[PDB]
Structure formats: structure tokens, C-alpha cells
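Below sits a lone chain in C-alpha cells, taken as the form deposited in one PDB entry.
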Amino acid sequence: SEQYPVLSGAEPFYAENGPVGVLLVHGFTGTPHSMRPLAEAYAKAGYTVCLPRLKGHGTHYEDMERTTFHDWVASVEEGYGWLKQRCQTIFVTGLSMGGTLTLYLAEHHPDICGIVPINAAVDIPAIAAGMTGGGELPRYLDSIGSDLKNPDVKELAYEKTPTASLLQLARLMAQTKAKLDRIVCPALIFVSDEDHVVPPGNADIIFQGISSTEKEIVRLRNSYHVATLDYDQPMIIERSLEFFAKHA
């Protein structure tokens, strides 16, 4: 029900190739742009890929305000279902809330062959901190600045963040965190040492909470939050390809 046009570079991306699929999920207020280089690299290597645009994302923040986390889940379920028609083995990877949605999916779908969450969020104390300051909360908050080490990169993201959406995110994370123990599939967890948006300790929470026997944390020493576009991008791609091949 978006009323604004999809921004250039924020379109969903599909590639139909082999019988192994990768679903790529972008983050909160973010767009497919943050995940596109990964998507193209995986498609080139012969994977069928689906990079959806989350409902209310990549248009305008007014559109986002109307959406709930169930809408964002539905956008990822559509992508999953699209892969399931073309693929017998499926991996899911995501940045930030895209990582949260990756964990969410694996909690609901045991058939998922492996997950690659990247700076995934299950606990962001800054949200409660902003809600408890005593002041009237604006309907729309000025968004946190783009967090990248590479100075020449610009994340495509909303300049304002609806308060309603932030509350929706907090609810999504709370449920996702609570059910981490349902995940048993292999997990490759990337975390930026210097993430100024999602506390790096989230990676430890996820690592300890999931029940997976095959799990690993890989630390990114040359990236901030938006690692998929940052200096460690080629290593993320290389390590993920290794992970997919090992489990495909």
C-alpha cells in the first residue's frame, strides 16, 4: 500500500539459476541496495537468489509507519516461497534487522539449510533508552547516521524513523530472541568489532542462544554496521560462498 515510488536501487532483485537458493534480507529503514552486491556475487556463482524489498521500505518513511513486523515477515516469507518453487536447498542471510528476520525464519522453518546473519539485532538498549527519557516522543525521529568505515559509501536509508516502526522492531526482536533455541541449522555469524548501531554483543547472544551444533562467529575488523557495503565485503562474500558450498 506504499504511496511513494520505489527509490532507484531499492528494487527487489531476483535471479533464477541452480537448485540451491539464497534469500537475502535488508535492514530496518534500509533497502535492497545494502545486499545487492552479495546477491549478485551469489547469483554469479550459480545460486538462485531472492532479495526482496520489505514492505514500507525503499519508498518513504510515511509508508513505513503503516507497516508492522508481520508485514516485514510476509515480505521475507514471499521471498522464501519464491525460492522454494525453484530450489530444494535454501540458505538465508541478512544485515541488521535483516539478520533478525533471518533468525526469525530459521525459528519457523527447520528445512532451511543454513543461516548467515550479519550484525543481526536481538537486543538494542538504545530503543528503551529513548523511550524512557521522560520527554514527549516525536512521531518521526531523525534517523541514526549511516555507519560505515569506507567514507565514500552511502547507505540508502530513510532520514526519519517512525516511532511506531521502532516499537514494531523492538517487538520483533523480543520474540526472535526468545525463540533462538529453536534454531538448529548451521550458522555463520558475522559481527563488526566496531558496530556503532547494533551492539556487537548481539553476536554472542545469538551464538549462545541457538541450539545449532555447527556455529561460528566471524569478526569484521575493518567495517562498521553496514558491513555488506564496507571494507570487509569481499571476505563476507568469500566466507559465505564457502559456507554454502560446504552445506549444499
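For the two forms, the rigid core is made up of the largest set of C-alpha atoms that agree within 1.5 Å on superposition. One-based numbering along the sequence shown. Only residues modelled in both forms are compared.
- Of the other compared PDB entries of this protein that include residues on both sides, all give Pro162 atoms, none of them, and so not a third, leaving it without.
- In at least a third of the other compared PDB entries of this protein that cover both flanking sides, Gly134 is left without coordinates.
- Mean C-alpha B-factor is higher over 227-235 than over the other stretch, the pair under comparison being 227-235 and 21-29.
- Of the two segments examined, 178-186 and 46-54, it is 178-186 that shows the higher average Cα temperature factor in the deposited entry.
- Considering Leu166, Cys113, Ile118, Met97 together, the PDB entry gives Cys113 the largest C-alpha B factor.
- Of the candidates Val122, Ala157, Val92, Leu137, the deposited coordinates give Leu137 the top C-alpha B factor.
- When all modelled residues of the chain are sorted by CA temperature factor, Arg36 is found within the lowest third.
- When the CA B factors of the chain's modelled residues are split into thirds, the value for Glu216 lands in the middle one.
- In the PDB entry, a CA B factor belonging to the lowest third of its chain's modelled residues is recorded for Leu172.
- Sort the chain's modelled residues by C-alpha temperature factor and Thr59 lands in the middle third, per the entry.
- Ranked against the other modelled residues of its chain, the C-alpha B-factor of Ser192 as given in the entry falls in the middle third.
Just so you know, the form deposited in another entry exists too; it's not on screen, but the next bit is about it.
- Only one candidate in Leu141, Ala164, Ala74, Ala128 has its Cα displaced by 2 Å or more between the shown form and the other one after core superposition: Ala128.
- Note on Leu141 and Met131: their C-alpha atoms are nearer in the other form, a change of at least 3 Å from this conformation.
- In summary, the C-alpha positions of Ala129 and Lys160 converge in the other form, ending up at least 3 angstroms nearer each other than in this conformation.
- Core-based superposition between the shown form and the other one shows that the consecutive residues, three or more at a time, whose C-alphas shift by 2 angstroms or more lie in one run only, 128-135.
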